[PDB]
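Overview (structure and organization)
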Amino acid sequence: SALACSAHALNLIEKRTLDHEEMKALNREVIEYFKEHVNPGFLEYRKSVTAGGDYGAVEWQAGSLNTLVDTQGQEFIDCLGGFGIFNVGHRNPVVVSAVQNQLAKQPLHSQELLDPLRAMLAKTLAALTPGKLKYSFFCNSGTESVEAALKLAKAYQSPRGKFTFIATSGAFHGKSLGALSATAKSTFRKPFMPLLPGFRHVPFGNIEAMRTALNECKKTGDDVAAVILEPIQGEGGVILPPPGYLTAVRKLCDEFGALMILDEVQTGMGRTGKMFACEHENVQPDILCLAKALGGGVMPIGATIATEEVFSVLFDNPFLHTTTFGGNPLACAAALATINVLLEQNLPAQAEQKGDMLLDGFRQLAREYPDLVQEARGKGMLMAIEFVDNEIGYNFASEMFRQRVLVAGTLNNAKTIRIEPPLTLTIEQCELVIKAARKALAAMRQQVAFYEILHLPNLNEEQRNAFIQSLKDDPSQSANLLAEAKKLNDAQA
Amino acid sequence: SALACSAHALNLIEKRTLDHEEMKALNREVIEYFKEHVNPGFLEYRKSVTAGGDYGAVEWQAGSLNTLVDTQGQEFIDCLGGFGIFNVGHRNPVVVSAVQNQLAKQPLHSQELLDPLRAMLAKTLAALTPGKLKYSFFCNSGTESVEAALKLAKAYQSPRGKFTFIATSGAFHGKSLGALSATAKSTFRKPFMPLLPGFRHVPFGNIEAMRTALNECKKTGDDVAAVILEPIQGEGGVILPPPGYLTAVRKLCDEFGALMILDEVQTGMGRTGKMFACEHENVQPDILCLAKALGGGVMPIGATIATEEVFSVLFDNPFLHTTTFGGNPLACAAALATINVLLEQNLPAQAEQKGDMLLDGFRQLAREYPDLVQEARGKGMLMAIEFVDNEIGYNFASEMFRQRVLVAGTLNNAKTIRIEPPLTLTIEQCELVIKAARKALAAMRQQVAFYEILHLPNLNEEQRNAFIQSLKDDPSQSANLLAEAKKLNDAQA
Amino acid sequence: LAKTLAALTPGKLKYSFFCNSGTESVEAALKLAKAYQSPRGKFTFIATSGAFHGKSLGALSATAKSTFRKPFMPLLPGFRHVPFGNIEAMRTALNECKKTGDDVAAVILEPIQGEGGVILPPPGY
């Protein structure tokens, strides 16, 4: 019965530790259900099952601020941070109690009485945001964030006869039909077409291009309502735009009277060094999208902050754009807690020193294995290593998973991996990571070399065997023996 | 500073009671901020400020399961239930601890490791849902619910060459651009047009119409992908469709190979008498949208449950439709708690007896004041009273607000008011409500009559004064004195 | 005529369709491209700014002047304009569309923009 299934899951919430067969039990239901009620695919493409072991790595509870412990007790260092969620770490004590307090009083609002925390957050965000960004709208996610932004721009610009929206190729903005009209990857968009009419993509980091789009549209009577872009393409592979770009986009917008929308969903809340990435070039957008880390990894939340000139649209009919759960008290709680922590222990500043020590650490590794890595890149605690193959990439992401270091990448989309550990990552865990990636890079180089030695056609078995022998006895020579085998295979060529 | 504003709001979370000037202080910031950072409009159109009093009615904390207490200590009976959110009441002790437990372990997931509660919920929902509905997708709201539904239908039906979507006039489904393409009110849609191409509306409760839409589209090569409707139009004014309709829609769909999407966002989780409204006619949709009350008024959540045949689309590329926060552990917690409570204290069954005692109670009041009410209507604990004017309606919703009974309606959209108290409303509070609405209906009838006596043109001041005199001395004669004044005004006519 | 035109036209141009005007000309062209390319999953059409191709709703979707188009919008979905004589631009349009899953059905242009003011494109264009 559903009554049955509810209770069994209800008692498991209460349980805090597990007998080894209580574990086995669990992991087998959880795989069983994932296959029959969730998606069977996540069992196919995820690194938690491929490299799971005998059992998958089913989540259990948070370890420290930076660690995660599965149902077997294995503790993982999070260098994923839920793709930019866990900026203040897992269960940050300051956020968890702000939530638990608010939970004692009133978790959600009535929707009729002026709820106080939504004012306080709207206020704080006004304070925290650059230039004339004043009004906040509150939703539940990063996609609802962008949607409302699109709606604001729309309601603003359509009376002025402007309907077209420029977005950028490689841009991600959300999976809901409205945001998916601005999101750019082929794969994500094609099945659900036709999407919103009038969304046109230009290359990212290309101001010369965006002028031509804004101008062509002008000429043909399809004038641009708004331009929407991320400060850094996060999912897009940690693409950094050319210095001056965001500033130059900002003028270009101002020149053509087009609203500028900044999707700071993955670069907001101090990840890139500054509280908002658009502060590195000190650029003020007309609209700013926030989410993910705004909810301190405790709560889900999305905020849309805009200038007064733009948010005015909603003033005369405030019900034009509502949401049911948006701005609920205990989500509010969470953010104010997160906003407080970020300014107190001043973690944007931490983001920049840990963010360069790490990244440098990776582009060093990247010089030492140019045969497995094209490049590493990032800005503050948002960074990514680009491998040569998805084969290799998924092999890196997977290898370290076993070294109990949790990074990105799935079975297929894995050519470039992303490193996004909490901003609260210690200097001790910082090395432990670059160390783990060095071991990982060694072992892969071993395997890569290993095959290389085998299809050497001119090389005979007698010689090949000598190399394979010294390879296993000395994996350090994986590069030397290789060169010696290739040099030998060419000798008999 | 933002650091400053964060802390002040942070300490207020900690505070549990307020000195009367600590109150005054609060309510004035909260109004001040709402005007300068949230919306000034909500101060114009909401009943919390118009009828606020000297101060507005700023929320503070939950009272009992059915009561809410503002910053002045005034306790309100919730006959709104957050528009169908608070189905198991405010802070239902069983939900709050399931949440607080899960909060001690891990609030959000890593997105790499198989999270156990999302299996358990996916499982339970499979159990709880009629027919072949098997797979659940998890999002954050009611709008994200429908969006994914639209996306499932799309990804299913577009390979089969079907792109058009029929929705119904009066339908509400969400404010995000995708759902807003199916949502039907003019007001909500117009500013943001052009929306998704290929959405066509037909009248609700009209099977004769929907045949013609499905057939016309067939003829013209624009074959219907899916039909989407609510079992009852909730926001649409508690519109009940003709018996047999939902069943007859279900065949019509099956006949034209069109997917049937049921928006049980506001009629789900036991409000109408059954766990899902589509069980009264025992109809199984291809897709089912859930939200609101699924989160036990503690958490925000949305679920999209579908048949295997349909959810298969996502199997081969499970990342086609993801969301960042969807299915997070502590939202999961909340639902399983809510699902458990609803089956335990068997509250759908409570919904039907309280839902008829109330509603009958209103259509009685409705016979006694036919000059202020056209009709009352509902199905289980979803019900609404329809007045004659928005003037009158906002006057009812507002009047009772002061009688500390919290109902729907805003300053303008208020012709029909909705009654949606928690399913945990006691029989004692049940009368207290019908009583409060009787007082309210009296006082309005007084005022209505009062003006009626004044523009009686043939009536002189001397006579008019006698009526006004007895009116104030005996408001019960408001009907009698009126008839006597009108009869007198006609005597001098 | 179908024969003669086959003779008169360069390369593998073989079949002629006959209509009544210059606008009906382009419309059918758009229709041919469409019926050809939509089974192959290609729906977008690149045209050029300054281009004139016709005043009927289909051709007017490819015609480019603001004045001529605005009152009758919304026109055919999926028509995007690039500057004329700019091969560097048209690559980016064809490529951006590729990336976003909106692959280009056909590109339509005049050899010289006539009404467009006798615009001559760069040699090689």
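What comes next concerns the included structure.

For the rest of this paragraph, the subject is the nonpolar core. Generally speaking, nonpolar side chains in soluble globular proteins are found buried as a group. Among the nonpolar cores identified, the biggest contains 222 residues, and A:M269 and B:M269 are the most heavily contacted of them. Setting aside residues up to four positions removed in sequence, A:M269 forms contacts with A:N87, A:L128, A:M275, A:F276, A:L290, A:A293, A:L294, A:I339, A:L342 and A:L423. Counting 74 residues, the second-largest nonpolar core is a separate cluster that includes A:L195, A:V265, B:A149 and B:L150.

Our next topic: the pairing of strand β5 (residues 164-169) of chain A. Residues and elements named next belong to chain A. For β5, the buried fraction is high: six of the six residues fall into the buried class. Relative to strand β7 (residues 224-229), β5 runs parallel, the two being bridged by three bridges. Across the sheet, residue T164 finds its bridge partner in β7, namely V224. Sheet analysis places β5 next to strand β6 (residues 199-203), joined by five bridges and oriented parallel. Across the sheet, residue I166 finds its bridge partner in β6, namely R200.

Attention now goes to the sheet that holds strand β7 (residues 224-229) of chain B. Residues and elements named next belong to chain B. The mixed open sheet is built from seven strands, whose spatial order is β4-β10-β9-β8-β7-β5-β6. The strands lining the two open edges of the sheet, one partner per strand, are β4 (133-139) and β6 (199-203). Sheet twist, expressed as the average angle between the axes of neighbouring strands with direction ignored, equals 25 degrees. Bridging between β7 and strand β8 (residues 259-263) involves four bridges; their strand directions are parallel. Bridge pairing in β8 places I228 opposite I261. Against the sheet, helix α8 (residues 142-157) contacts β4, β5 (164-169), β6, β7, β8, β9 (287-290) and β10 (302-307), and its axis sits at roughly 165 degrees relative to β9. In the packing of helix α11 (residues 245-255) onto the sheet, the strands contacted are β5, β6, β7 and β8, and the crossing angle to β8 comes to about 150 degrees.

Here we come to the packing of aromatic side chains. Within the structure shown, the criterion is met by 23 aromatic pairs over all chains. A ring pair is formed by A:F76 and A:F401, whose centres lie 5.0 Å apart and whose planes are at 45 degrees; its orientation type is tilted. On the criterion of sequence distance, the pair formed by A:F76 in strand β3 (residues 75-78) and A:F401 in helix α15 (residues 390-402) is long-range, its members being 325 residues apart. According to the relative accessible area criterion, A:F76 is buried, its value standing at 1%. Looking at A:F401, the relative accessible area reads 3%, which means it is buried. Taking the centre distance of 6.4 Å and the plane angle of 50 degrees together, the rings of A:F311 and A:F315 count as tilted. Look at A:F311 and you get buried, because its relative accessible area is 2%. Residue class for A:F315 comes out buried when judged on its relative accessible area of 18%. Through pairs of rings, three or more aromatic residues link up here, namely A:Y135, A:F311 and A:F315. Over the ring of A:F192 we find B:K151, and its NZ or CZ is 4.2 Å from the ring centre. Between B:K175 and the ring centre of B:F188, over which it is positioned, the NZ or CZ distance is 4.5 Å.

So, how was this worked out
Each chain carries its own residue count, beginning from 1 and running in the order its sequence is written; this scheme need not agree with the entry numbering, and residues with no coordinates do not appear. For naming, the first written chain is A and the first written ligand is 1, with later ones following in the order written. Reported quantities concern only the chains on display, which constitute a fraction of a larger assembly. To get the side-chain values, take all heavy atoms of the structure and skip hydrogens and water. Throughout, nonpolar core names a set of buried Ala, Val, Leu, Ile, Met, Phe, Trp, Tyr and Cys residues whose side chains join them through atoms within 4.5 Å. Exposure categories follow from relative accessible area, calculated using a 1.4 Å probe and restricted to protein chains: below 20% of the type maximum is buried, above 50% is exposed, and the middle band is partly exposed. Residues are treated as being in contact if the distance between any of their heavy atoms lies within 4.5 Å. Each helix corresponds to a stretch of at least 4 residues labelled H or I by DSSP, and each strand to a stretch of at least 2 residues labelled E; elements are numbered beginning at the N terminus. For two strands to be treated as a pair, DSSP must find at least two bridges joining them. Geometry is summarised by axes, namely lines fitted to C-alpha atoms with helices restricted to the contacting stretch, and by angles between N-to-C directions that run from 0 to 180 degrees. Pairing of aromatic side chains requires ring centres within 6.5 Å, counting the rings of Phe and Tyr and the six-membered ring of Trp. Pairs whose planes differ by under 30 degrees are stacked, by over 60 edge-to-face, and all others tilted. Note on geometry: a ring has a charge over it if NZ (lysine) or CZ (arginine) is within 6 Å of the ring centre and within 35 degrees of the ring normal.

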